[PDB]
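I have placed the structure first, in the form of structure tokens, so that the comments after it can refer back to it.
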Amino acid sequence: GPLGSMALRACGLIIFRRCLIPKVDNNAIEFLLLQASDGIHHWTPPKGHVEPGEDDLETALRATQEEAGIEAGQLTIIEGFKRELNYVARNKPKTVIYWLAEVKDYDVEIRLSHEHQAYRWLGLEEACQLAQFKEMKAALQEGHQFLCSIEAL
Ligand SMILES: Nc1ncnc2c1ncn2[C@@H]1O[C@H](COP(=O)(O)OP(=O)(O)OP(=O)(O)O)[C@@H](O)[C@H]1O
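The authors' numbering numbers the first residue of the sequence shown as 1 and each following residue consecutively.
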């Protein structure tokens with residue numbers, strides 16, 4: 001079979017819980033993270049495998065509720081921000097698109113999948129500390145960077 005599709009299409013959701021008012025005027029926003037069920041036990045947001053016929057954000061949305069139980073209706077996908085991570089995992093480059101999302105519930109339900117055994121809620125520093133992977137450290141980095149350029153929507 002003469003393959004023609006280069007790399008694998010993926011889509012994740014960079015979730016962030018926005019608190020009411022600021023505390024120490026430093027932090028305020030958090031990020032949802034899902035620890036891998038094996039390997040290096042790295043922490044990454046709900047990423048899915050978007051199909052050519054499937055939508056980009058949807059794959060990231062479904063993956064959210066699939067690997068976190070939270071759907072677009074339970075969060076808030078911020079528009080204007082879009083970045084994808086390209087890298088060959090086992091032996092195939094996966095393109096992971098990331099969208100900023102804010103869960104309406106602070107204690108929102110967290111329904112993970114087989115691909116995730118645990119999750120966490122941390123800011124940029126921590127989300128970056130766990131997501132040792134530079135690519136992710138950036139996704140979460142730009143997230144807070146962009147959101148800080150908006151207002152609330
Ligand atoms: N940002 C990244 N850049 C490059 N490689 C990464 C990045 N994040 C994770 N990886 C690695 O890429 C691989 C992705 O795992 P795999 O392709 O097996 O996905 P998966 O099937 O979604 O995961 P799982 O086995 O846990 O179900 C792992 O070895 C992981 O450590």
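Yeah, the Cβ is synthetic: ideal placement off N, Cα and C, and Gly gets one too.
Taking the continuous beta strand (DSSP E) assigned at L122, which residues delimit it?
Within the sequence shown, the letter at position 122 stands for residue 122. Run containing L122: 116-122, per the beta strand (DSSP E) assignment.
What separation, rounded to the nearest whole angstrom, lies between the Cα atoms of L122 and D105?
Mapped onto the sequence shown, residue 122 falls at position 122. Mapped onto the sequence shown, residue 105 falls at position 105. Taking the straight line joining both Cα atoms gives about 15 Å.
So within the stretch 31-90, which uninterrupted alpha helix (DSSP H) runs reach at least 4 residues, ignoring any that extend past its ends?
56-67
Candidates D56, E51, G4: closest to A72 by CA position:
The residue given as residue 72 occupies position 72 in the sequence shown. The candidate whose alpha carbon is nearest that of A72 is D56.
Does the Cβ of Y87 have 16 or more other Cβ atoms within 10 Å, making it buried, or fewer, making it exposed?
For the purposes of this step, residue 87 is identified with residue 87 of the sequence shown, where counting begins at 1. The residue is exposed, with fewer than 16 neighbouring Cβ atoms inside 10 Å.
Closest by CA to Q74, which one among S149, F16, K137?
Taking the first residue of the sequence shown as position 1, residue 74 is located at position 74. Minimum Cα distance to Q74 is reached at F16.
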